[PDB]
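Let's start with one chain on its own, the form deposited in one PDB entry, as structure tokens.
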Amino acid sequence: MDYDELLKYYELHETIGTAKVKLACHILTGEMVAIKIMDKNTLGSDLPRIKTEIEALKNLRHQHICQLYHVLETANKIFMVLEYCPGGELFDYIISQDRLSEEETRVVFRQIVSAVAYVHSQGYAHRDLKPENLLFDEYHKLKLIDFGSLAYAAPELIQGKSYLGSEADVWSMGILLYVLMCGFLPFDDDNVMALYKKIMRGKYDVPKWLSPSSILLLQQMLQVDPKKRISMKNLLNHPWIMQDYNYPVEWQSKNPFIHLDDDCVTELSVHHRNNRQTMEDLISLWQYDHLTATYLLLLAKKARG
């Protein structure tokens, strides 16, 4: 029952994560995708919250956000077809490299900043930023996933205090910045209570390989008082961020909802019995059905060249 409708559009390959994640092939275009499979019965009470997260993803379209292509709902399952990221997790990348240089950290950090600033510009907050939530695509560009961990959580978030998601994101970004340049967490312990004490105290070791500017940026992000944390606006053109670039982080989306690609509308129209204008009208509704999937995948096929 569960897989019948999905199997009309996708050829399923192997599981890569357990929500379960499967690699698949889009039949029409031949494009690889990742399929997030969610058991509705397993979620039960947390199900309406997963539905609000899907709706938020429908409103996020960005070069550094893993793209939603298709949402399929059955009696027992929710399927989310997503952008294929074969480079894997930034978590695995950090471990394989041990730690990144200041220069390579900047390449990756400016991409995280671009995604997160855009998420905030859309009225959302991520709240679970960590290197397991950042994937590399075939072009080695980062893609943010799993919208909506203890080692990355802001002191106020752990204490159960009221918080602004934007300030909790800036703290988690400070933790990511440290891990990128150090290869280990600033706050860590085998005991959960001792880790909780360490986060709230906000004291961490400053390794010898960190430059004075890196150290100052970490201080500006890793403030226990959320009001003392740097705002996203000042992070876009921060002196550490501008070093070797001399231009602020481009956070604005390059992936439109409005403008449609004429080649992709043309390619798409041959598979349907409608005229071009009807086709453009249908695509513009952005229903996250097979039509949305096909259009976005043709665009991804085109960008490859």
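We number the residues from 1 along the sequence you see. Here the rigid core means the biggest group of C-alpha atoms that line up within 1.5 Å when the two forms are laid on top of each other.
This next part talks about the form deposited in another entry, which is not shown.
Chemist: Can you spot, among 28, 43, 242, 60, the one with a CA shift of 2 Å or more between this form and the one not shown after core superposition?
Modeler: Flagged residue: 43.
Chemist: Does residue 97 show a Cα shift reaching 2 Å between this form and the one not shown after rigid-core superposition?
Modeler: No, the C-alpha moves less than 2 Å.
Chemist: Comparing between this form and the one not shown on the rigid core, is the C-alpha shift at residue 77 2 Å or larger?
Modeler: Yes, the C-alpha position differs by at least 2 Å between this form and the one not shown.
Chemist: Comparing between this form and the one not shown on the rigid core: C-alpha of residue 277 shifted by 2 Å or more?
Modeler: Yes, because once the rigid core is superposed, the C-alpha of residue 277 moves 2 Å or more between this form and the one not shown.
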